[PDB]
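One-letter residues, chain by chain:
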Number of protein chains: 4
Amino acid sequence: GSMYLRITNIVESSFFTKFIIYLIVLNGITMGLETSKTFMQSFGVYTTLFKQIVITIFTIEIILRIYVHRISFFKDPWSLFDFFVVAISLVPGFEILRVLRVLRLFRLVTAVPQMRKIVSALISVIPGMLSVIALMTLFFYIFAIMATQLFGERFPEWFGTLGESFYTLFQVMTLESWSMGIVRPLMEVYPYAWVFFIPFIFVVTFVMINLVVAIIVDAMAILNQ
Amino acid sequence: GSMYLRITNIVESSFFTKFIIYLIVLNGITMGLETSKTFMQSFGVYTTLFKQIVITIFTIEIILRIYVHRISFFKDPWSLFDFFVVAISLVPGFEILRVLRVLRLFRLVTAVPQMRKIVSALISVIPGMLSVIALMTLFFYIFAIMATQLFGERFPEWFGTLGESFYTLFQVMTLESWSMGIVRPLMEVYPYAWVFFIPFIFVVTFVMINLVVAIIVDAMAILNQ
Amino acid sequence: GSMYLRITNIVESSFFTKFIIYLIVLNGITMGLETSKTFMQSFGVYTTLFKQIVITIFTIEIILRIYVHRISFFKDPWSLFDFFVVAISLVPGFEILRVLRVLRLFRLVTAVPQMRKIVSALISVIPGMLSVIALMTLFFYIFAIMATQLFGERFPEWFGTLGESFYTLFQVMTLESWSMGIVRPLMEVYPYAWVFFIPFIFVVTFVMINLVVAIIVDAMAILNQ
Amino acid sequence: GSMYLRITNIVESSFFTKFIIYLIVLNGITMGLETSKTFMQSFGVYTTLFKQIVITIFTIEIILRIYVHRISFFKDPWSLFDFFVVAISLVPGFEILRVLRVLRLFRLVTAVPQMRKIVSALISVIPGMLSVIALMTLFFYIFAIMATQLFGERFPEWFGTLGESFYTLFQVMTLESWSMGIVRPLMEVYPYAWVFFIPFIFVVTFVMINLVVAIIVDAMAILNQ
Ligand SMILES: CCCCCCCCCCCCCC(=O)OC[C@H](COP(=O)(O)OCC[N+](C)(C)C)OC(=O)CCCCCCCCCCCCC
Ligand SMILES: CCCCCCCCCCCCCC(=O)OC[C@H](COP(=O)(O)OCC[N+](C)(C)C)OC(=O)CCCCCCCCCCCCC
Ligand SMILES: CCCCCCCCCCCCCC(=O)OC[C@H](COP(=O)(O)OCC[N+](C)(C)C)OC(=O)CCCCCCCCCCCCC
Ligand SMILES: CCCCCCCCCCCCCC(=O)OC[C@H](COP(=O)(O)OCC[N+](C)(C)C)OC(=O)CCCCCCCCCCCCC
Ligand SMILES: CCCCCCCCCCCCCC(=O)OC[C@H](COP(=O)(O)OCC[N+](C)(C)C)OC(=O)CCCCCCCCCCCCC
Ligand SMILES: CCCCCCCCCCCCCC(=O)OC[C@H](COP(=O)(O)OCC[N+](C)(C)C)OC(=O)CCCCCCCCCCCCC
Ligand SMILES: CCCCCCCCCCCCCC(=O)OC[C@H](COP(=O)(O)OCC[N+](C)(C)C)OC(=O)CCCCCCCCCCCCC
Ligand SMILES: CCCCCCCCCCCCCC(=O)OC[C@H](COP(=O)(O)OCC[N+](C)(C)C)OC(=O)CCCCCCCCCCCCC
Ligand SMILES: CCCCCCCCCCCCO[C@@H]1O[C@H](CO)[C@@H](O[C@H]2O[C@H](CO)[C@@H](O)[C@H](O)[C@H]2O)[C@H](O)[C@H]1O
Ligand SMILES: CCCCCCCCCCCCO[C@@H]1O[C@H](CO)[C@@H](O[C@H]2O[C@H](CO)[C@@H](O)[C@H](O)[C@H]2O)[C@H](O)[C@H]1O
Ligand SMILES: CCCCCCCCCCCCO[C@@H]1O[C@H](CO)[C@@H](O[C@H]2O[C@H](CO)[C@@H](O)[C@H](O)[C@H]2O)[C@H](O)[C@H]1O
Ligand SMILES: CCCCCCCCCCCCO[C@@H]1O[C@H](CO)[C@@H](O[C@H]2O[C@H](CO)[C@@H](O)[C@H](O)[C@H]2O)[C@H](O)[C@H]1O
Ligand SMILES: CCCCCCCCCCCCO[C@@H]1O[C@H](CO)[C@@H](O[C@H]2O[C@H](CO)[C@@H](O)[C@H](O)[C@H]2O)[C@H](O)[C@H]1O
Ligand SMILES: CCCCCCCCCCCCO[C@@H]1O[C@H](CO)[C@@H](O[C@H]2O[C@H](CO)[C@@H](O)[C@H](O)[C@H]2O)[C@H](O)[C@H]1O
Ligand SMILES: CCCCCCCCCCCCO[C@@H]1O[C@H](CO)[C@@H](O[C@H]2O[C@H](CO)[C@@H](O)[C@H](O)[C@H]2O)[C@H](O)[C@H]1O
Ligand code: NA
């Protein structure tokens, strides 16, 4: 009751979240310096223990947050994200987790209010995009299957798999080395390969243009009214 | 009369189109697995016959649809598309048709209502573009002819044909390896080649920008009113 | 007087301009077929004389047009363009003119009304762009001079001239092989070369974005009112 | 008093700033010609002294400007820029300053009113971008650290440093040789490298799209009202 009110008044105070922010920036500087190998021979003893103390502080502070807000902490996406980040950082995963630990720096966007505002502004335009995202995914899946069965035996590196055909169709979509890297080599053996790729590029570019216009008229519809 | 009303009540029922949708997704999974050669040695006997039964079901179900709606089925673009897809899938074409058979997966967009809504939204912005499309096609045709007669003998691979000059001008338009892949090699022998290509890129980029702005002010004109 | 009224009624009749249009499309087909060398061994005798008769018809028909409208023909940009095109096509220029002759196909846009409408729509957005065009040209000129004097001796092919530095800065602007083609080779000898090019790319991209937004708010300003 | 009023009437007269403008354009022509080495053997004696007289004139004329407007000259960004430019041009820096001297040509934008108007129009859209700029910088910093610690030992040239990982992530962002130049070489040894780069590209492209839409709705918000 009084303990609760006092400890919640600590958890949702400014100085608490500010202290967490400043641990975040200091530890961001830390992880920036830890990529330097000469630096690590000299100061690795210190930098590792600094990461240890920040992570215990974070785990304690989500213990307090989750104490204050039991169900609503798990109903809240930002705190859900802080939980899952410190949890990943807490697990001892074949070293692939060491690189995942630096995701804790993303907590900066959850701790600081303006960053939180812009990333929710970013997520909010995604609902309107689901229709075109699914249209494009189906178009890519149908074309990936055709590109695989058309070019897979003679070009195993680029189209031998459904997965590699996704990859290289996605490359083509970004128009990166499309004709010189993939189409023209293909035409040295399959001469009408452009019949598959020119339409692919045209439809993909037009749908991608329509995606971005679709966004604007949404941000404008909330504006003119 | 009563038979008609009963069989039309079956054809335009939800469960019918839903069953067709679920055959579509199952067969999409099927065609996804059929690109895998090891999978096919094991289960090709089954996967081929699954494709056989889905295609007979589709042909039966367009027989029913076309029965219900004789003229209007052929006046309807989505059903016209389903007809032509199953028809392609029904024809025994030098194996080039085997890859065309996976176009049947596109029926998913015609069967499901939201996909149908977004692709007609996509087609509908095309009318407004016809003017600029034809302007660009004429500009490409005039430039393709000049690039052919300017660079064709000394660069047969890139400009020896009107068709190859279309191709490589289209490549340049996507700005993919423009100077490094085509212009600079050309300048090693024809030093003023940039006089042809820099304007080409400028006019092409400006017209393409104007295309996309042209789209927005159309989607906005239906909005502000 | 009556002769005038009758011959002007012929020049500004539909069938006259339509006949000119159909000569244009036939001759476009002609010039398309003339790039084919095997075709020319067979039918070059005919195709050349077809180009001769169309060009005499065009010169006669601008003689009539300029007869009808003396000063205003020269005050009119479309007719100014037809004049200069047939004039180029009439001059016997070291064969560089043979390729310029196909510019006569552009007369199609001047003869047909809808094409004329869209290309003036295209020209009309250019006035608003003069400010940013001149800002960019000054920025390119200042940077081209620095890139020349910084990298010209050790990289004569890319930056040895002010002209070659324009060219390759323009290439960088289109982001085509920027780091792999130019920056990274430069850094193998001049390690801080990115200090010149990263800002260049940032400012160039931001100004180019601002150019395109600048266009939209103009096309919208004529709309919301 | 009277001297002041007379000398301020000279400094803020048109002909004064116009004369400075014409020195600027003449000296721009000069610096354009100075990159030419054959030109310099012939006329370098003259061109260097021309640059000497223009720079003394500029230093005198900012002496007069700063005389007229003591505090407000330093409170004014355009005059602050002219000051710092002539000051750089006045310092005798291991020849790295010789190339910086051509920045004096940028004074043209500060002297001429329309250029001044468009560049402040350009700066003014930057405030609204700070939120997304900082979001992207944090995302790049977190990913640069992961790309360094994931790929640095086996790819020292592209990811051996935090700085080189910034560079090549920025390259990927411009989609320049992404898969062919970096991802596919990486996959020859680290096969799941796309799990790092495909998301990177998706999030980076979406945030960059949102940046540009963010700009438009700002330029439109000042318009519809
Ligand atoms: C919002 C996010 C802001 C991001 C701003 C980023 C500012 C820093 C970017 C770093 C750019 C330079 C990196 C670099 O040059 O790397 C070199 C070293 C590794 O080399 P090293 O092995 O030390 O080689 C020594 C060679 N020697 C003896 C001749 C000197 O590698 C390093 O030493 C890297 C040192 C990085 C310092 C950390 C900077 C933290 C900035 C603030 C981030 C806080 C937000 C979480
Ligand atoms: C986060 C919010 C929404 C995100 C929007 C995108 C959502 C859809 C994402 C794609 C869904 C399909 C994923 C997929 O098919 O994965 C297949 C492959 C498997 O890779 P793999 O076969 O292991 O790679 C081979 C390379 N090797 C052997 C030499 C190592 O892995 C890949 O190659 C994937 C390549 C990129 C595929 C992108 C597909 C784009 C579809 C439409 C995207 C939206 C456009 C607006
Ligand atoms: C709206 C459209 C949604 C699209 C979502 C796409 C999700 C699936 C993307 C597939 C990405 C991965 C593809 C891939 O990795 O290919 C590998 C195999 C071929 O290799 P394989 O010859 O089996 O090599 C065996 C090697 N061994 C023995 C060591 C294991 O190739 C395969 O096995 C591919 C298996 C694909 C499964 C089908 C997935 C269907 C997803 C739902 C689509 C329904 C809408 C029509
Ligand atoms: C679906 C809705 C509307 C679509 C908008 C585009 C409509 C216009 C499409 C193009 C019309 C002209 C087609 C054409 O000229 O085809 C010529 C070539 C023939 O190829 P080919 O000579 O067999 O290729 C040689 C390569 N080889 C020998 C080594 C195998 O084949 C090609 O290389 C074609 C290359 C692409 C040409 C694109 C022309 C773009 C014009 C404006 C496009 C619209 C921009 C908004
Ligand atoms: C608004 C503008 C519309 C533009 C639509 C463009 C439609 C035509 C695009 C041409 C695409 C194909 C070009 C092509 O494949 O070139 C091959 C030949 C040159 O090869 P050739 O030397 O004949 O080799 C013979 C080989 N052999 C004996 C085994 C057959 O090269 C040719 O034969 C080219 C023939 C082109 C025919 C002219 C088409 C005119 C279309 C309408 C344009 C009118 C508007 C002015
Ligand atoms: C039509 C309506 C308005 C058009 C907007 C653009 C207006 C401004 C155009 C550029 C003005 C300056 C032209 C210029 O500086 O020409 C220099 C070079 C000379 O070439 P050169 O030195 O012969 O090339 C060397 C290659 N080699 C020896 C191996 C054969 O030739 C080039 O390399 C030129 C390269 C492209 C320069 C583009 C400069 C862009 C400035 C801002 C463009 C507008 C962005 C919105
Ligand atoms: C708003 C900004 C407007 C910018 C407009 C730019 C117009 C000029 C662009 C220059 C493009 C051509 C550059 C070029 O071709 O470079 C060649 C020479 C260096 O070669 P060089 O060593 O002379 O070789 C001689 C070879 N020989 C004996 C056989 C003739 O290199 C040169 O001679 C370059 C000469 C450039 C002349 C200066 C042009 C000033 C234009 C107005 C700028 C005023 C605003 C500040
Ligand atoms: C002017 C108004 C606002 C401007 C917007 C951008 C503001 C943020 C800029 C970037 C801040 C971080 C700078 C940084 O981390 O510098 C690190 C490296 C150090 O280079 P270094 O390690 O010496 O390069 C190695 C190459 N070598 C050894 C072979 C010579 O140097 C680099 O490689 C930098 C590479 C480009 C980094 C761009 C980061 C973009 C973040 C978001 C950009 C805004 C997107 C809208
Ligand atoms: C919504 C729009 C949908 C657009 C869909 C378009 C699909 C069209 C795909 C075109 C694919 C072209 O791929 C085509 O494959 C066949 C099948 O082997 C090749 O066929 C042949 O190739 C060469 C011929 O010199 C030989 O090695 C061999 O005799 C044979 O395999 C064709 O020469 C090639 O051009
Ligand atoms: C709406 C805008 C329209 C823009 C249209 C612009 C068209 C301009 C095209 C410029 C083309 C340049 O192409 C030009 O071709 C001629 C004709 O052989 C070459 O001429 C020469 O090339 C080299 C010279 O070293 C020699 O091999 C040879 O003696 C000769 O063929 C020129 O050196 C080349 O620079
Ligand atoms: C069936 C679909 C209907 C077809 C019509 C749809 C449009 C298709 C256009 C062809 C696709 C290739 O698209 C190519 O993309 C590149 C991207 O670098 C464009 O380059 C772009 O540069 C600027 C700067 O970003 C853009 O504002 C502009 O849209 C475009 O000019 C090429 O100018 C464009 O041609
Ligand atoms: C509006 C924004 C304006 C932005 C303007 C930015 C301009 C900055 C330009 C940075 C250019 C870097 O170019 C720099 O040139 C000098 C001058 O030789 C090189 O200096 C040195 O290079 C290498 C060093 O290993 C040696 O061969 C040699 O001893 C020497 O020439 C630098 O190492 C290089 O990094
Ligand atoms: C006669 C025509 C009038 C000439 C003026 C018309 C504009 C011409 C611009 C030069 C054309 C090259 O166009 C080049 O396209 C590339 C596409 O990757 C742009 O790169 C682009 O990145 C972003 C992200 O998409 C775009 O929002 C932006 O438009 C542009 O900066 C280059 O910045 C631009 O310069
Ligand atoms: C907001 C979104 C955030 C997205 C973040 C995504 C991060 C995911 C990064 C995936 C990185 C893949 O990088 C992965 O690195 C490990 C660690 O060595 C490699 O592991 C192995 O590589 C090869 C295996 O043949 C061998 O040389 C060796 O035995 C081993 O090092 C993996 O095979 C590689 O695929
Ligand atoms: C001082 C200036 C202020 C700096 C901020 C201005 C923005 C600078 C951004 C960095 C420039 C590189 O710009 C790079 O252009 C490429 C063009 O292929 C973009 O790729 C683009 O793809 C799509 C499709 O066209 C565009 O709608 C979008 O704008 C962008 O994501 C990269 O995502 C972008 O990062
Ligand atoms: Na490229």
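Residues numbered from 1 in each chain as written, not as in the entry; some residues may be left out. Chains lettered and ligands numbered in written order. Heavy atoms only, no water.

Per the deposited record, X-ray crystallography is how this structure was determined, to a resolution of 3.30 Å.

## A look at the overall build of chain A
To keep it simple, the criterion reads: For the purposes of this entry, the term helix denotes a DSSP run of H or I that reaches at least four residues, the term strand denotes a run of E that reaches at least two, and both are numbered from the N terminus. With the radius of gyration taken over C-alpha atoms, the globule rule is written as 2.2 Å times the number of residues to the power 0.38. The buried label applies to any residue whose accessible area, calculated with a 1.4 Å probe on protein chains only, is under 20% of its type's maximum; exposed applies above 50%, and partly exposed to all values in between. Here, Shrake-Rupley sampling with a 1.4 Å probe gives the accessible areas, and only protein chains in the shown set may cover a residue. Under the counting rule used here, the positive set is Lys and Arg, the negative set is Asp and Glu, and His together with the chain ends is not counted. A single reference atom marks each charge: NZ on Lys, CZ on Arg, CG on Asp, CD on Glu.
Helices and strands together make up the secondary structure of chain A, namely 13 helices and zero strands. What you see for chain A is a C-alpha radius of gyration of 25 Å, clearly larger than the 17 Å of a compact globule of 225 residues, by over 25%. In terms of principal-axis extent, the alpha carbons of chain A reach across some 75 × 60 × 25 Å. Counting the 225 residues in chain A, one finds 48% classified as buried. When the accessible area of chain A is evaluated, it comes to approximately 11,700 Å², of which 71% is carbon and sulfur surface. Distance from the positive charge centre (15 side chains) to the negative charge centre (12 side chains) of chain A: 14 Å.

## Section: the side chain of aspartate 82 of chain D
Residues and elements named next belong to chain D. Filter applied, for reference: Identification of polar contacts relies on pairs of N or O atoms within 3.5 Å, with a donor-acceptor requirement for protein atoms, meaning one able to donate a hydrogen and the other able to accept it, and with residues adjacent in sequence counted only if both atoms are side-chain atoms. For this analysis, residues touch if any pair of their heavy atoms sits within 4.5 Å.
Its location among the elements puts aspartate 82 in helix 5 (residues 77-90). Overall, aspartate 82 belongs to the buried group, its relative accessible area being 3%. At 2.8 Å, the side chain of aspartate 82 forms a polar contact with the side chain of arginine 65. Beyond its immediate chain neighbours, meaning those up to four positions away, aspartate 82 contacts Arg65, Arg107 and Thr110.

## Section: the site of ligand 3
Spelled out, the test is: Being near a molecule or strand, for a residue, means having at least one of its heavy atoms within 4 Å of it. Ten residues, namely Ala, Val, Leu, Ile, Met, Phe, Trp, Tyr, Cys and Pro, are considered nonpolar, four, namely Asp, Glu, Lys and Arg, are considered charged, and the remaining ones, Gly among them, are considered polar.
Within the structure, ligand 3 sits among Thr137, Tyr141, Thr161, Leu162 and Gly163 of chain A together with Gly28, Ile29, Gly32, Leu33, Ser36 and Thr38 of chain B. Near ligand 3, the surrounding residues belong to chains A and B. Contact between ligand 3 and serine 36 of chain B: an oxygen atom at 2.7 Å from a side-chain N or O atom of the residue. Those elements that place two or more of their residues in the shell around ligand 3 are helix 9 (130-151) and helix 11 (162-173) of chain A together with helix 2 (14-34) of chain B. Per element, the largest residue contribution to the shell around ligand 3 is four residues, and it comes from helix 2 of chain B. Here the residues of the shell around ligand 3 sort into four nonpolar, seven polar and no charged.

## Section: the environment of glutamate 153 of chain D
Residues and elements named next belong to chain D. Within the secondary structure layout, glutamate 153 lies in the loop between helix 9 (130-151) and helix 10 (156-159). According to the relative accessible area criterion, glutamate 153 is exposed, its value standing at 68%. Separated by 34 residues in sequence, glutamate 153 and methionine 187 place their C-alpha atoms 15 Å apart.

## Regarding the interface of chain A and chain D
Rule in force here: Accessible-area loss on putting two parts together, using a 1.4 Å probe and summing over both, is the definition of buried area adopted here. Just to be clear on terms, a salt bridge is a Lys or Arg side-chain nitrogen sitting within 4 Å of an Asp or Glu carboxyl oxygen.
Contact residues are listed per partner, giving 41 residues for chain A and 36 residues for chain D. Carbon and sulfur atoms make up 78% of the surface buried where chain A meets chain D, a total of about 3,200 Å² over both sides. The interface formed by chain A and chain D holds one salt bridge in total. With its nearest N and O atoms 3.5 Å apart, the salt bridge here joins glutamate 153 of chain D to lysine 37 of chain A. Our count for the chain A to chain D interface comes out at 10 residue pairs in polar contact. Mapped onto the side of chain A that touches chain D, the elements with two or more residues apiece are helix 2 (14-34), helix 6 (96-100), helix 7 (107-111), helix 8 (113-124), helix 10 (156-159), helix 11, helix 12 (178-187) and helix 13 (194-224) of chain A. Considered class by class, the residues forming the side of chain A that touches chain D number 27 nonpolar, 10 polar and four charged.

## Quick look at the site of ligand 9
In the region of ligand 9, the neighbouring residues are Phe143, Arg154, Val189, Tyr190, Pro191, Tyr192, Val195 and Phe196 of chain A together with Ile96 of chain B. In the complex, the protein chains occlude 60% of the 800 Å² of accessible area that ligand 9 would expose alone. Along the lines of polarity and charge, the residues of the shell around ligand 9 split into eight nonpolar, no polar and one charged.

## Structural notes on the interface of chain B and chain A
Between chain B and chain A, the residue contacts involve 41 residues of the former and 36 residues of the latter. The contact between chain B and chain A buries some 3,200 Å² in all, and 78% of this surface belongs to carbon and sulfur atoms. At the boundary of chain B with chain A, the tally comes to one salt bridge. Taken together, the connections running from chain B to chain A amount to 10 residue pairs in polar contact. Of all elements in the fold, only helix 2, helix 6 (96-100), helix 7 (107-111), helix 8 (113-124), helix 10 (156-159), helix 11 (162-173), helix 12 (178-187) and helix 13 (194-224) of chain B reach the threshold of two or more residues within the side of chain B that touches chain A. By residue number, the principal contributor to the side of chain B that touches chain A is helix 13 of chain B, which donates seven residues.

## Things to note about the relation of the copies chain A and chain D
Note the following rule: A least-squares fit on the C-alpha atoms is what superposes the copies onto each other.
When chain A is fitted to chain D, the best match, at an RMSD of 0.0 Å, comes from turning it 90° and sliding it 0.0 Å along the axis. Interpreted geometrically, this transformation is the action of a four-fold axis.

## Considering the environment of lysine 18 of chain A
Within the secondary structure, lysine 18 of chain A sits in helix 2. Sequence separation of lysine 18 of chain A and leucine 64 of chain A is 46 residues, and the distance between their C-alpha atoms is 15 Å.

## Quick word on the packing of helix 8 of chain A against helix 9 of chain D
We apply this condition: All axes here are fitted lines through C-alpha atoms, helices being fitted over the stretch that makes contact, and every angle between N-to-C directions spans 0 to 180 degrees. In these notes the angle categories are as follows: under 35 degrees is roughly parallel, over 145 is roughly antiparallel, 65 to 115 is roughly perpendicular, and the rest is oblique.
Where helix 8 of chain A contacts helix 9 of chain D, the axes come no closer than 10 Å and their chain directions differ by 90°. By the angle between their directions, the pair helix 8 of chain A and helix 9 of chain D is classed as roughly perpendicular. Counted together, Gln114, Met115, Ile118, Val119 and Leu122 of chain A of helix 8 of chain A and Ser131, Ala134 and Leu135 of chain D of helix 9 of chain D form the full contact between these two elements. When the residues that make up the contact of helix 8 of chain A with helix 9 of chain D are grouped by side-chain class, the tally is six nonpolar, two polar and no charged.

## With respect to the relation of the copies chain B and chain A
The two copies are related by a screw motion: chain B maps onto chain A through a turn of 90° and a shift of 0.0 Å along the axis, at an RMSD of 0.0 Å. The fraction of interface residues of chain B whose copies in chain A are also interface residues is only 10%, indicating that the copies meet through different surfaces.

## Details of helix 5 (residues 77-90) of chain C
Side chains of residues three or four places apart in an α-helix project in the same direction, reflecting 3.6 residues per turn. As a reminder, the rule being used: What a helix should span is 1.5 Å times the count of its residues minus one.
Taking 1.5 Å of rise per residue, the 14 residues of helix 5 of chain C would be expected to cover 20 Å, and the 20 Å separating its terminal C-alpha atoms lies within 8% of that figure. Those residues of helix 5 of chain C that are buried lie in contact with helix 3 (37-68), helix 4 (70-74) and helix 7 (107-111) of chain C.

## Description of the packing of helix 2 (residues 14-34) of chain C against helix 3 of chain C
Residue and element names in this part refer to chain C. The cut-off we apply is this: Take the far helix as the reference: if the near one is turned anticlockwise from it by less than a right angle, the crossing is left-handed, and if turned clockwise, right-handed.
As a packed pair, helix 2 and helix 3 sit with axes 10 Å apart at the nearest point and diverge in direction by 155°. Judged on the interaxial angle alone, helix 3 and helix 2 are roughly antiparallel. Our pair here, helix 2 against helix 3, has a crossing hand that is left-handed. Residues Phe16, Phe19, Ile20, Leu23, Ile24, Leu26, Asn27, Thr30, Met31, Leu33 and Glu34 of helix 2 form the contact with helix 3, whose own contacting residues are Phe39, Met40, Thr47, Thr48, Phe50, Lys51, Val54, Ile57, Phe58 and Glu61. Tallied by class, the residues present in the contact of helix 2 with helix 3 amount to 14 nonpolar, four polar and three charged.

## Considerations on helix 11 (residues 162-173) of chain D
Residue and element names in this part refer to chain D. Here helix 11 spans 16 Å end to end across 12 residues, near enough to the 16 Å set by a 1.5 Å rise per residue. Most of helix 11 is tucked away: nine of the 12 residues are buried. When helix 11 is considered as a whole, its buried residues turn out to be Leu162, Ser165, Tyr167, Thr168, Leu169, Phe170, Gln171, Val172 and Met173. The positive-phi residue at the C-terminal boundary of helix 11 is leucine 175, with phi of around 55°.

## Quick word on the domain arrangement of chain A
By convention, interface size is frequently given as the accessible area that disappears when the constituent parts associate. Applied cut-off: What fixes the domain bounds is an automatic or database domain assignment.
Assigned domains within chain A: domain 1 (1-125) and domain 2 (128-222). Centre-to-centre separation of domain 1 of chain A and domain 2 of chain A, based on C-alpha positions: 39 Å.

## Observations regarding the side chain of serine 89 of chain D
All names here are of chain D. Here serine 89 lies in helix 5. Using a relative accessible area of 5% as the deciding quantity, one classes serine 89 as buried. Reaching out from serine 89, the side chain makes a polar contact with the side chain of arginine 104 at a distance of 3.4 Å. With near-sequence residues (within four places) excluded, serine 89 lies in contact with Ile55, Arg101 and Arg104.

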